[PDB]
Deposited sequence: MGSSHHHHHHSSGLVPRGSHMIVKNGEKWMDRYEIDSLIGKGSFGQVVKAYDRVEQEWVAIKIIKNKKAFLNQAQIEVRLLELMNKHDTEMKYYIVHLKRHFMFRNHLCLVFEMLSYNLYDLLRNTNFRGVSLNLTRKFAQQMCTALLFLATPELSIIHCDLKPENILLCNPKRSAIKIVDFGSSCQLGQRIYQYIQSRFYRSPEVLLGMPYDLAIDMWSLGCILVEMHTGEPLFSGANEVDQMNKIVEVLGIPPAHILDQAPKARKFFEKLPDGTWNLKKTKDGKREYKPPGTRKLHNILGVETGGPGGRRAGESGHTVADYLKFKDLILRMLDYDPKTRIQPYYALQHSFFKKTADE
């Protein structure tokens, strides 16, 4: 009775999996920790709800994960490994390798004061390599839900990360879901109802990397109008050539007699472009809240390279927004 599978700690499925506990829940269903007796290892089992819409998303996730696993690059190891899938008690079950804390858990463990720029750079370098993998023409996968929660440590005392959850994903040119991206990480082009490509994931990554170092969301909107207003505080009014083509431009902006755009009033924001990323990152003032003052690996030069890469990932124009190959060549990553 209901969407969920009933799970009692202690049960053993198909005399292969011993169920230990429920790690977590989500929109899609349940994740349980279990021991795979034939592979001799812990696995995370994603149990999809018995409902057409969740079954359908999971069936795309299986196809995209099996497509990615076919590739013979080392870059594929930045994406969670789907061991197996099977039907059991009327639920699609996806058997994953067992990973560790998500990046949101990391932030919580720092009490939301942020991780070091040194660890930020290691996460950024791996995420740019994962996005470069996804942009493989034969893949051309848009994750569509990048957020700190969907990026997991492989092991709790190492820097190595992987991306999870391709439930909302599509391939270049597809339009499947009415709304896409988690609101804090949602690109201007999705807010504006414009066509979206792999650049929307680069937008999400920019936002994620700032949060990981400051401890707080860059753009914490409570609704789409609040989201776009918080973006404008930092980045200014979007270019006219974008707003002139945007189906939902008039949800956030008004075009003036001159042909200049500015913000609609809502019916309490800093003037456009005056909440500088330079001051959010504390480039010249000791990093976020001054907390990194003196500390090694937190110099003005380091911060300027970080700021400059983030602003290339947060370009309003998805045609000119930095692409994964060029992001990897950035001075921020030089040894």
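Taking the first deposited residue as 1, the stretches without any C-alpha atom are 1-16, 284-287, 356-359.
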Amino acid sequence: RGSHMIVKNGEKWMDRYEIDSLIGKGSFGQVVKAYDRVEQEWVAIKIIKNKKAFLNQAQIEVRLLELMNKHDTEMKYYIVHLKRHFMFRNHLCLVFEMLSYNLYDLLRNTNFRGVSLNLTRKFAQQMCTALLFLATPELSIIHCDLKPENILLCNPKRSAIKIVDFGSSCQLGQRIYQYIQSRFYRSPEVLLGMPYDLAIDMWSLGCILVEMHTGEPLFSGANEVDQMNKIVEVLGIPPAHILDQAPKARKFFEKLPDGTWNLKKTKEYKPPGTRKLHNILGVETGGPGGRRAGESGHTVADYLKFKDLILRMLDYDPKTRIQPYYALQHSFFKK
From here on, numbers count along this sequence of modelled residues.
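C-alpha atoms forming the largest set that superposes within 1.5 Å between two forms make up the rigid core.
Note on 320-328 and 19-27: with rigid core alignment, C-alpha atoms in 9 other deposited structures of this protein sit farther from this form for 19-27.
Taken in 9 other deposited structures of this protein and fitted on the core, 121-129 and 176-184 differ in how far their Cα atoms move from the shown form, and the one that moves more is 176-184.
Of the other structures of this protein that model both sides of residue 46, every one gives it coordinates; not a third omit it.
Modelled in this chain, residue 276 is likewise resolved in all the other entries of the protein that span it on both sides, not missing from even a third of them. Taking the PDB entry as given, 84-92 carries the higher mean Cα B factor of the two stretches 84-92 and 98-106.
If you average the C-alpha B-factors over 200-208 and over 235-243, the higher value belongs to 235-243. Based on the entry's C-alpha B-factors, the most elevated value among 213, 186, 255, 143 belongs to 255.
Between the residues 181, 174, 227, 260, it is 260 that shows the highest Cα B-factor in the PDB record. In this PDB entry, residue 21 carries a Cα temperature factor that places it within the highest third of its chain's modelled residues.
Remark: residue 77 belongs to the highest third of its chain, ranked by C-alpha B-factor as recorded. In the PDB entry, a CA B factor belonging to the highest third of its chain's modelled residues is recorded for residue 137.
In the deposited entry, the Cα temperature factor of residue 316 places it in the lowest third of its chain's modelled residues. The deposited CA B-factor of residue 111 belongs to the highest third of values across its chain.
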